[PDB]
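What follows is a short report on a single structure.
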Amino acid sequence: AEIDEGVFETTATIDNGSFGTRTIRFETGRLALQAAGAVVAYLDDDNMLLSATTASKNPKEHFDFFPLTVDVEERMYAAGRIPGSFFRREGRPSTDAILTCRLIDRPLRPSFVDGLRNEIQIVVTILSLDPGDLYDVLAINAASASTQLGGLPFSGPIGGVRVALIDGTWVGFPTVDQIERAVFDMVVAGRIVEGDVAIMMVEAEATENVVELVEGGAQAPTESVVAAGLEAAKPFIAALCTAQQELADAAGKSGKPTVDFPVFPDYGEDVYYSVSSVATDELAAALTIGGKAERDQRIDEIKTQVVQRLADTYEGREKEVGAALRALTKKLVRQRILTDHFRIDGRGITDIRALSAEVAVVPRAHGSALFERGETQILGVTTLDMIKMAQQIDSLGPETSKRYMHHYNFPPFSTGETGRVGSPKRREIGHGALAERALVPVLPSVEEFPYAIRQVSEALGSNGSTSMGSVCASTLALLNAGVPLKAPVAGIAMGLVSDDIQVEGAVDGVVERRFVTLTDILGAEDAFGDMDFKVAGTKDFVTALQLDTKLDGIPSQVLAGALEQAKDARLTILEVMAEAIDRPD
Amino acid sequence: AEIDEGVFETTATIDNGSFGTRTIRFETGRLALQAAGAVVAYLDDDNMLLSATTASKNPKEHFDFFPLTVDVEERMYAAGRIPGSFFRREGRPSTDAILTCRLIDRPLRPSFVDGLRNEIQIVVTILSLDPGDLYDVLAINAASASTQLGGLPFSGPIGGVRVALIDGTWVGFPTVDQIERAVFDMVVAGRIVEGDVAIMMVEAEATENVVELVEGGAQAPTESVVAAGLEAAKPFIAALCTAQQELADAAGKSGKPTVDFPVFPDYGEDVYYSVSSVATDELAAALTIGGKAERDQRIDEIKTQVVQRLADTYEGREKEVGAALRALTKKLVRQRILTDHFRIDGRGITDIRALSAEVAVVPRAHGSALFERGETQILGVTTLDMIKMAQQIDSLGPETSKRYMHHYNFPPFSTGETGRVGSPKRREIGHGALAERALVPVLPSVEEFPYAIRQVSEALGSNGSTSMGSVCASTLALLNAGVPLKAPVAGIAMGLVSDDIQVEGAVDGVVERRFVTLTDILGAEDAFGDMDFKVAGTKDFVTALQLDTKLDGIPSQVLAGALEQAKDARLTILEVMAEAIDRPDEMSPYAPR
Amino acid sequence: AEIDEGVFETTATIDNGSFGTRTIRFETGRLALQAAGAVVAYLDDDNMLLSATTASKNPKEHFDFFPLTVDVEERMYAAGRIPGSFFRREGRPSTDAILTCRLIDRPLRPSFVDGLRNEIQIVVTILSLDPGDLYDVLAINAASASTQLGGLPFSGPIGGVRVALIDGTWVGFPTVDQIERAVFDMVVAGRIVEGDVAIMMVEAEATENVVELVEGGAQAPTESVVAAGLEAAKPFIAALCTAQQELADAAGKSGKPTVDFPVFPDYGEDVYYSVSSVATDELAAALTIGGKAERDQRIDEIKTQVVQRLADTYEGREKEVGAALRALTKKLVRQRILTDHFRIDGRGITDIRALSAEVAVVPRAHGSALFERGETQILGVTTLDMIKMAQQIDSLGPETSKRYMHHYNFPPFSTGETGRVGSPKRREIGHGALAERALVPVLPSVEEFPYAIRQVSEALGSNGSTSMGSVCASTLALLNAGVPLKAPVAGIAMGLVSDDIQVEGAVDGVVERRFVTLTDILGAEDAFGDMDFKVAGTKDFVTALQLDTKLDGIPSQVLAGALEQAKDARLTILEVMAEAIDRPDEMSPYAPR
RNA sequence: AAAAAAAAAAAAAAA
Ligand SMILES: O=C(NC1(C(=O)O)CCCC1)c1ccc(-c2ccc(NC(=O)c3nc(-c4ccccc4)oc3C(F)(F)F)cc2)cc1
Ligand SMILES: O=C(NC1(C(=O)O)CCCC1)c1ccc(-c2ccc(NC(=O)c3nc(-c4ccccc4)oc3C(F)(F)F)cc2)cc1
Ligand SMILES: O=C(NC1(C(=O)O)CCCC1)c1ccc(-c2ccc(NC(=O)c3nc(-c4ccccc4)oc3C(F)(F)F)cc2)cc1
């Protein structure tokens with residue numbers, strides 16, 4: 001809709017029945033005209049933000065990864081007050097801004113074509129905010145829209161939404177007041193594939209009032225309820241994607257990429273063919289070696305031997321042969337899993353690594369615990385203080401104080417490396433937040449337990465799924481310190497490997513798609529797998545959920561099976577945790 | 001004067017008649033003897049500071065620019081107080097220190113010979129400060145003197161001064177009490193050329209009491225008054241330069257530089273000759289397109305073809321080819337302007353770009369505005385709060401609190417680039433301060449309007465003179481929020497192109513300097529021009545002023561014409577702004593009372 | 001002892017007679033199993049910490065030094081409370097953490113084989129702390145143990161201990177309450193060589209109550225008392241080293257280094273041989289030049305000549321020839337000192353450089369002073385304020401407030417360099433701490449002098465031992481401000497060069513080892529010397545001491561002589577600076593009352 | 001981390 005000369009606008013409607021209806025408006029052609037693409041987004045003519053996308057002129061090939069940057073700028077005048085810091089100006093980004101950056105980055109990063117090396121930056125500035133609303137999902141939609149309008153090698157629009165479960169109804173774009181009446185809150189992002197919605201990213205939690213609401217007659221959030229919520233999110237995502245596509249079509253764009261960006265593939269076809277022909281049997285034999293150290297040294301000497309010949313023939317190109325060896329090893333591992341259902345460490349597909357839990361490991365600490373799963377080792381420590389030591393928060397969001405604080409540390413020596421020790425990175429902030437929200441729903445009220453609580457997790461050894469280990473360790477340490485939890489909580493990380501491998505028959509035209517679900521995946525299995533998701537909760541319902549995928553469709557039965565498998569593992573871990581301690585000390 | 005063996009001293013006198021006399025003393029040969037040059041500067045026996053200059057042993061020829069760095073270190077013991085921070089120690093530099101660094105850097109940077117690639121650093125430490133005095137101009141003088149004594153490829157001494165207009169007299173080096181009785185105060189820096197003072201840098205503002213003083217019978221600071229003030233600062237600059245030169249002569253130095261520094265020109269002469277002979281006609285034709293996208297595409301194609309062919313011929317030397325192409329383009333643009341009075345975008349020499357102004361653009365904002373000039377686009381937002389949210393200042397200078405705050409932001413996408421988004425840089429601080437001082441003299445008193453005020457400017461699009469756009473946007477947004485200003489304010493930027501071109505005749509000896517003044521310059525005209533002169537004010541008098549120039553002298557009539565043209569442009573912009581809003585609105589329901 | 005499958009532990013006992021006995025326990029095989037080495041250390045089953053050591057897979061040859069890194073992580077839950085900062089989380093390291101990092105780094109860094117280029121990182125995390133205990137020395141032991149256990153090219157275990165002098169007994173690992181009754185406190189680190197303890201690192205101070213304790217009848221800490229304290233620490237170090245070695249043997253390791261680390265020597269044998277054969281006599285004569293400027297000019301001429309001669313022959317290698325020339329020049333200077341007792345500047349073995357002291361240099365400062373020793377030049381400034389301006393400290397240690405603060409600044413221009421100016425480095429923190437502790441024992445009580453005191457030292461020129469110069473300047477400036485000190489304090493830096501050379505005779509296999517002690521060493525002498533130590537105090541006893549060495553044994557007579565020589569120099573300097581001021585002045589009118 | 005050796009329009013990961 002051309003409201004003005006050069007200005008275009010589109011609208012999408014979210015109908016929540018008796019809970020109301022909301023409108024989202026996208027506008028382009030008026031602000032920030034020197035960027036590659038720019039969009040202004042409105043929610044209910046009271047929430048307003050701007051998103052701009054640009055790209056660098058020259059490729060940059062000293063890097064070996066795709067350089068993408070996302071930034072969120074929260075302006076205090078959007079809340080109508082002056083910043084409280086000593087210099088009266090906005091400083092480093094807050095935790096909410098970092099979490100929003102991660103939410104945008106996770107689904108968009110894999111949507112670009114492989115091998116790109118130009119810098120790409122997305123900046124989202126918050127301009128106006130209603131006190132009872134949340135801006136993160138709106139920001140996701142705006143970032144997608146500006147990237148789409150920028151004429152870059154980007155795979156279609158991406159839509160994001162939040163759904164909350166209130167009195168048996170899934171409500172889209174709920175307010176803070178409505179969230180206070182819900183039992184479960186979930187952010188979902190996806191895209192449209194051949195007329196159907198494919199889920200890409202999920203982040204969900206249980207609310208802080210869930211136990212009381214369930215005692216009043218509400219339905220608890222079990223696995224089937226979560227699946228139903230995922231199904232209910234799809235129509236909203238479809239509507240948002242349609243609005244973005246209409247905006248792109250109206251303001252030209254569509255085709256005519258004009259500027260063409262080069263691509264830098266990891267390796268050439270001939271190098272890969274030679275590497276396969278020379279090392280297929282060596283790698284196949286090596287992967288059958290039980291143990292860790294001997295297998296690692298066998299693989300290392302295979303690498304040094306193979307690179308000693310092909311590099312000389314291919315005129316001093318060792319990175320290409322290394323990449324080809326990585327690709328061949330990954331393919332072999334996937335094929336072995338798909339055919340024999342045999343994992344690299346020898347486990348079955350439903351097996352968990354060796355578990356152990358212990359309490360009272362730091363002499364003067366108020367509470368402490370040590371939790372081990374395979375080579376993953378987490379130490380948790382809890383301290384208690386007067387209620388005045390709760391954190392005071394000054395930001396755009398509605399939160400003003402923080403009674404329970406959780407901090408997560410990941411030192412380089414946990415993986416045998418060296419590196420800078422200093423401020424936490426974005427990934428540490430994200431992992432800490434996930435564990436914190438996993439624990440929030442099981443906590444006594446201020447009236448019955450008037451203390452400020454700080455929990456610290458330190459990853460002393462890491463081989464995959466450190467967040468779930470921190471969840472378990474925090475439950476153990478809180479019990480050891482005498483906090484009266486409503487119920488213990490545990491978590492697990494699951495993986496999925498899918499492929500269209502041949503089935504019983506011939507002709508090679510009867511291939512059917514197959515899926516395999518893996519319990520308690522290692523780091524390598526995450527790197528080589530097709531989907532990974534983490535589940536935490538009690539023995540009655542889920543408290544936290546996180547999922548990332550890139551497949552173009554997942555049958556419902558596969559997801560139901562995966563959720564049930566995760567629940568079984570969670571119960572098995574809860575039994576071992578209870579053996580160490582089963583009531584507050 | 002050798003007061004002690006190896007120690008030399010020189011003095012300069014500033015005579016203000018019935019307002020008093022002041023003395024400035026330079027000393028060398030006693031402190032910091034391992035630096036390349038070092039000087040101690042005194043003002044009235046009570047203000048004392050130290051300046052030191054050093055240079056790196058080896059060059060960095062892979063750099064594309066001259067790496068000069070300036071640092072100002074404020075010590076709290078200069079005021080007899082312990083720092084108030086949690087660790088009781090000086091931390092990151094304050095806004096005053098950053099502004100002083102910019103003041104030193106602007107005139108000194110062009111004074112070095114081009115092509116230099118050694119690192120040069122200047123550090124100024126404040127040792128003792130009288131509560132009623134300012135140290136910035138003294139610092140400019142000391143930095144110049146230490147660099148002059150360091151035996152570097154530096155062009156002559158530079159002198160800097162402050163002048164304030166009190167009862168029709170321009171007083172040099174005024175105190176805080178004297179400044180609060182003035183209507184205008186201005187900092188000027190220059191050098192001596194063929195026995196006359198050439199002005200290089202200017203920074204001026206009207207005071208916060210100007211309206212009340214003018215109502216009481218004082219003369220308002222119009223254009224002619226400001227020009228007279230510029231003329232009155234020259235004798236002081238000459239005296240300061242003479243004192244510095246005498247100090248340099250006394251302590252040896254002067255000749256025999258001893259250390260020789262290499263130079264790295266951007267391109268060779270043969271490369272320039274080839275580029276010219278291959279591309280002159282193509283470039284001349286391309287500049288006639290005058291339609292941006294087509295012109296940009298044509299220039300890019302010409303550049304690609306030339307670099308390809310000349311890299312084939314010269315075996316992979318592309319940087320010099322690019323530099324030569326840029327220099328040739330600059331020469332053609334300047335010649336077109338000087339001969340035919342044609343600009344890049346097809347404007348006359350006095351024309352302003354298309355203007356537009358709008359208010360109430362952010363829904364839950366106390367006031368907001370959008371201001372556009374051709375391709376520069378500024379968004380301004382106002383917020384109001386209780387008087388206790390005023391900024392508390394704990395610096396070395398006399399200021400203790402700030403009722404009105406202005407912050408300026410310049411994101412990378414404003415010009416289509418990618419870069420880091422973080423803490424503001426020094427240039428952002430400078431632009432913000434310039435826009436802030438243009439509005440102070442018009443704000444209402446705290447008794448009438450008891451609120452703290454914060455203004456934010458965001459440069460959504462940048463193609464030249466973003467600070468003047470910030471001034472206009474702040475006026476609009478403040479009016480939209482219900483602040484009762486005394487008068488609206490607006491601003492503009494001006495440019496210059498000059499050279500020695502033979503007048504109609506012969507003998508090649510009648511060559512004389514010729515000047516052309518441009519209104520509302522583009523970014524490219526600033527890059528290829530000879531100066532950048534920003535003027536802001538009301539319809540009655542000027543409120544803020546900033547100038548930097550690289551030439552060796554501008555005739556007074558040229559500046560007078562520039563000021564008059566700027567005033568005409570300002571009036572046009574004010575009329576356009578008033579058409580959009582001409583009186584304060586009602587206060588927003590979301591604001592406090 | 002294998003308490004559990006794969007878990008080993010060992011114990012060391014420390015017996016203080018009637019003052020009690022303590023135990024230190026080392027454990028491995030349980031925590032942090034992916035690091036190269038990891039150890040847990042316990043003190044009295046109430047203090048607990050963890051240390052981990054890792055190494056990078058590949059070397060890096062573009063560095064010209066050994067990249068070792070040490071980090072100390074203080075966790076606030078070890079004290080059982082939530083951090084007090086706005087974000088409720090631990091931020092940048094505190095001063096105590098930095099000092100502990102340097103205490104670990106000083107003895108361990110020279111203990112690795114030269115030429116190593118892999119990254120080595122050590123991280124020590126504090127897990128549990130008793131309120132009346134100190135964790136720094138326990139951390140030193142743990143870092144040594146984890147490095148030893150990692151199978152790296154590391155020369156044997158290193159032990160560290162603290163001894164405090166109480167009622168004539170040297171107590172090991174004292175508590176805070178016990179230190180409150182001591183006159184002297186000393187941290188010592190060493191290692192076992194051919195069955196005897198060789199001292200490597202010392203850092204010592206006098207307590208804040210020393211004057212009153214000595215008035216009460218205790219013995220003052222003179223030079224002989226400090227020597228006795230150094231002797232009393234050896235058995236504890238031996239026991240700690242033995243426990244570490246037993247732990248290493250029990251858990252395998254010992255042999256089988258497995259991982260081989262390449263080494264990158266500075267120069268080859270042939271390059272050194274040619275450089276010597278072509279430059280021996282040419283450099284020998286240049287060192288006889290008494291003029292520093294002529295000396296360095298000739299030296300750089302010779303370097304350029306040798307470089308341009310030998311670059312062609314060795315296919316171009318400037319770094320190797322430069323390194324060989326450095327080794328040759330250092331060897332020649334050492335031989336000259338050992339044989340003729342001559343120094344670079346022609347001084348005698350006990351001579352001090354020219355001294356000068358002056359007060360009242362900054363006009364408005366409460367007190368100020370300028371101190372010069374040869375080419376070293378320090379400016380000191382004092383500030384006084386209300387007692388509420390004392391620093392408030394929030395950390396693990398028992399300290400909670402800081403009445404006297406000392407800050408030390410080392411700008412790049414003090415050596416004629418360019419560099420970043422801003423937050424201080426670790427070395428500045430260390431030097432400031434040393435000067436602060438040197439002054440603490442001479443200070444009036446709060447009841448007698450109710451003020452907060454801030455002292456700032458600025459190194460305007462540096463050529464060697466700026467920290468002792470800071471001590472002298474602080475005494476002068478404090479007297480000038482009117483602070484009633486109990487006695488003045490001065491300091492000096494000393495060097496020692498040792499070697500085994502032939503004695504008058506024949507056979508050439510009867511060489512004997514000799515030592516030469518140097519007073520007030522230059523920077524070059526420190527670079528080319530074998531040991532350096534700094535001593536400060538009054539005319540009656542020592543207040544601070546710092547020592548670093550790598551020799552495998554020092555006779556007691558040599559050390560006694562060195563201490564006496566330092567005392568003589570200190571008395572001479574005190575006499576010189578009493579001429580400038582001998583009693584406190586009247587308080588400045590600008591200071592509060 | 002060891003050591004004396006800013007000017008201009010031009011973050012992802014176990015690694
Ligand atoms: O700990 C973690 N924690 C995190 C968590 O989730 O919380 C913390 C925050 C996020 C992660 C983590 C730990 C380890 C990994 C990992 C991934 C891949 C490989 N890669 C191989 O391991 C390999 N490389 C080869 C090969 C190499 C060269 C030539 C030929 C082959 O072969 C192989 C072979 F199959 F043998 F196993 C190792 C480790 C990831 C995550
Ligand atoms: O806003 C601005 N600054 C600030 C302000 O507020 O003021 C904002 C924040 C602080 C200050 C600003 C914006 C843009 C510019 C700019 C300048 C020059 C060019 N350069 C060409 O534009 C060009 N380059 C060529 C050429 C190049 C190589 C080879 C051959 C030809 O030709 C040409 C041709 F003349 F055509 F136009 C572009 C943009 C400057 C300032
Ligand atoms: O100021 C200081 N302050 C500090 C303090 O302690 O507080 C502050 C914090 C720690 C230090 C300091 C000042 C100077 C040094 C230093 C060290 C070595 C050399 N090096 C030569 O000095 C030399 N180099 C040559 C030569 C070179 C190349 C080719 C051939 C010859 O010859 C020679 C010859 F020995 F003769 F004198 C110079 C200065 C150290 C510290």
Side-chain angles (χ1 to χ4, degrees), chain A residues 34 56-58 63-71 98 101-102 105-106 109-110 119-122 410 412 414-421 425-427 459 462-464 466 522-524 526-527, chain B residues 34 56-58 63-71 101-102 105-106 109-110 119-122 326 410 412 414-421 425-427 459 462-464 466 522-524 526-527, chain C residues 34 56-57 63-71 98 101-102 105-106 109-110 119-122 410 412 414-421 425-427 459 462-464 466 522-524 526-527:
Chain A
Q34 290 188 50
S56 79
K57 185 61 71 66
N58 287 323
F63 283 34
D64 33 350
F65 63 109
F66 165 48
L68 172 71
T69 304
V70 177
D71 290 306
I98 294 167
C101 288
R102 300 280 286 188
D105 181 296
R106 275 161 58 183
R109 176 176 295 273
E119 284 158 307
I120 297 177
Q121 180 174 34
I122 301 170
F410 179 66
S414 67
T415 181
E417 301 275 356
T418 69
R420 286 284 182 168
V421 176
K425 300 294 185 179
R426 292 187 171 180
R427 60 176 157 186
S462 63
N463 195 9
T466 297
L522 300 166
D526 180 15
Chain B
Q34 289 187 52
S56 74
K57 301 289 180 63
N58 298 314
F63 270 50
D64 292 317
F65 67 100
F66 168 46
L68 171 74
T69 308
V70 179
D71 285 309
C101 289
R102 302 280 288 181
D105 181 300
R106 274 155 60 181
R109 175 174 294 270
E119 301 177 60
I120 309 296
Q121 185 179 31
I122 305 178
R326 172 155 39 250
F410 174 63
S414 188
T415 58
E417 302 283 333
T418 68
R420 313 232 206 207
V421 171
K425 315 294 288 186
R426 291 190 178 176
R427 59 178 170 187
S462 303
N463 197 19
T466 293
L522 302 172
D526 170 53
Chain C
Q34 306 208 37
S56 70
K57 301 293 186 295
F63 292 11
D64 21 2
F65 62 101
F66 171 43
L68 172 71
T69 300
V70 180
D71 290 306
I98 291 167
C101 284
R102 287 190 71 85
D105 188 300
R106 279 159 63 185
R109 176 176 292 275
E119 296 175 0
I120 308 291
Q121 186 176 29
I122 299 165
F410 178 70
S414 72
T415 311
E417 309 285 324
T418 67
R420 206 82 192 184
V421 175
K425 315 311 298 185
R426 288 189 181 178
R427 59 180 168 189
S462 64
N463 194 15
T466 58
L522 303 165
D526 184 14

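Reckoned from all heavy atoms, side chains included, excluding hydrogens, waters and symmetry mates. Chain identifiers are assigned alphabetically (A, B, ...) following the order of the sequence lines, protein sequences preceding nucleic acid strands; residue numbering begins at 1 within each chain.
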Using a 4.0 Å heavy-atom cut-off, does [X] contact any base of the nucleic acid, only the sugar-phosphate backbone, or nothing at all?
| X | answer |
| --- | --- |
| A:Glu417 | sugar-phosphate |
| B:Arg420 | nothing |
| B:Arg106 | nothing |

In whole angstrom, give the distance that lies between atom [atom1] of [X] and atom [atom2] of [N].
| X | N | atom1 | atom2 | answer |
| --- | --- | --- | --- | --- |
| B:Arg109 | D:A8 | CZ | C1' | 9 Å |
| B:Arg427 | D:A8 | CZ | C1' | 6 Å |
| C:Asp64 | D:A5 | CG | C1' | 10 Å |
| B:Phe63 | D:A10 | CZ | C1' | 15 Å |
| A:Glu119 | D:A10 | CD | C1' | 13 Å |
| C:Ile98 | D:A1 | CD1 | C1' | 12 Å |
| B:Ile122 | D:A7 | CD1 | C1' | 14 Å |
| B:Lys425 | D:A9 | NZ | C1' | 15 Å |

- prompt: In terms of ring plane angle, is the pair B:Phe65 and B:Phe63 parallel, tilted or perpendicular, where the classes change at 30° and 60°?
  reply: tilted

field: Ring-on-base stacking D:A12 with A:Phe65 (under 5.5 Å, under 30°)
entry: yes

- prompt: Is there side-chain contact between A:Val421 and C:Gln121, with at least one heavy-atom pair below 4.5 Å?
  reply: yes

- prompt: Of the candidate nucleotides D:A6, D:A12, D:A1, which contains the atom at the shortest distance from the side chain of A:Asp105?
  reply: D:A12

field: Backbone of B:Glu119 reached by a side-chain donor or acceptor of C:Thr418 within 3.5 Å
entry: no

query: C:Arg426 side chain to C:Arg102 main-chain N or O, any donor-acceptor pair under 3.5 Å?
result: no

message: Please give the distance between the P atoms of D:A9 and D:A13 as a whole number of Å.
response: 34 Å

- request: Could you tell me whether the phosphate oxygens of D:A9, OP1 or OP2, come under 4.0 Å of any side-chain nitrogen or oxygen in B:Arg326?
  value: no

message: I want to check one thing: is the phosphate of D:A2, taken as OP1 and OP2, less than 4.0 Å away from some side-chain N or O of C:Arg102?
response: yes

- request: Answer with yes or no whether the side chains of B:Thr415 and B:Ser462 bring together a donor and an acceptor at under 3.5 Å.
  value: no

query: Between D:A9 and D:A10, is the six-membered ring centre distance under 5.5 Å and the plane-to-plane angle under 30°?
result: yes

